[PDB]
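K.L.:
how would this look folded up:
(2 chains)
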2 protein chains.
Amino acid sequence: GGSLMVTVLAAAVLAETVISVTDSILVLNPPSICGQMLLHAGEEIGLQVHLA
Amino acid sequence: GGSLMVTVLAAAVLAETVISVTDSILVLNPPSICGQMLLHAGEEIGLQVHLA
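P.N.:
Numbering: from 1, shown residues only, chains lettered A, B, ... in the order given. For reference, the structure is listed below:
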C-alpha cells in the first residue's frame, strides 16, 4: 500500500511540477487514489486541479 | 522587417519560456532569422539551444 501511495504521489507531483506555469489544469481518468492525491497536491501548490 | 523580427523573437521567447525547466533543447527547421534569434535567446537565458 505504501508503495502504491508513493507512486501515486510521484505521478501527482510530476504533473504539478512539469506544468507549474498554469492557474488551472485538468487530469483525465486518473486512479481514484491518484485523483485524491492530485487534488491534495493542487491544494498545496495552489493549482486548480480538475478531475475527469 | 521590424514586424518580422519581433514575430521571430515572440516565437523564440515563447519557446524559451514555456520550457524554462530544461538545460538543453532542440529546435527543428526554424526560420533562419528564427534560428539566429533562438540562439540569442538561449544565450541570454542560459539555455543550450540546438538548431536543426
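K.L.:
go through chain A and flag its longest helix.
P.N.:
Ordering each helix of chain A by length in residues (DSSP state H) puts helix A:2-19 first.
K.L.:
helices or strands next to that helix in the packing?
P.N.:
Counting contacts by 3 or more Cβ pairs under 8 Å, 6 or more residues apart in numbering or on different chains; DSSP states H and E, helix A:2-19 is packed against strand A:24-27, helix A:32-45. Yep, even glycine has a C-beta here, placed from its N, CA and C like the rest.
K.L.:
again, only this time at 7 Å
P.N.:
Where contact means 3 or more Cβ pairs under 7 Å, 6 or more residues apart in numbering or on different chains; DSSP states H and E, helix A:2-19 is packed against helix A:32-45.
K.L.:
what is the subsequent helix or strand relative to the helix it packs on?
P.N.:
strand A:48-51 (DSSP states H and E).
K.L.:
identify the residue spatially nearest to residue A:31, adjacent ones excluded.
P.N.:
Once flanking residues are discounted, residue A:31 sits nearest to residue A:8: 6.5 Å by Cβ to Cβ, 6 or more residues apart in numbering or on different chains.
K.L.:
now residue A:29
P.N.:
residue A:52 (6.7 Å).
K.L.:
just give me the neighbour total for the one you found.
P.N.:
8 (other Cβ atoms under 10 Å in any protein chain shown).
K.L.:
if we can go back for a sec, in the longest helix of chain A, what counts as buried?
P.N.:
A:8, A:9, A:11, A:12, A:13, A:15, A:16 (16 or more other Cβ atoms under 10 Å in any protein chain shown).
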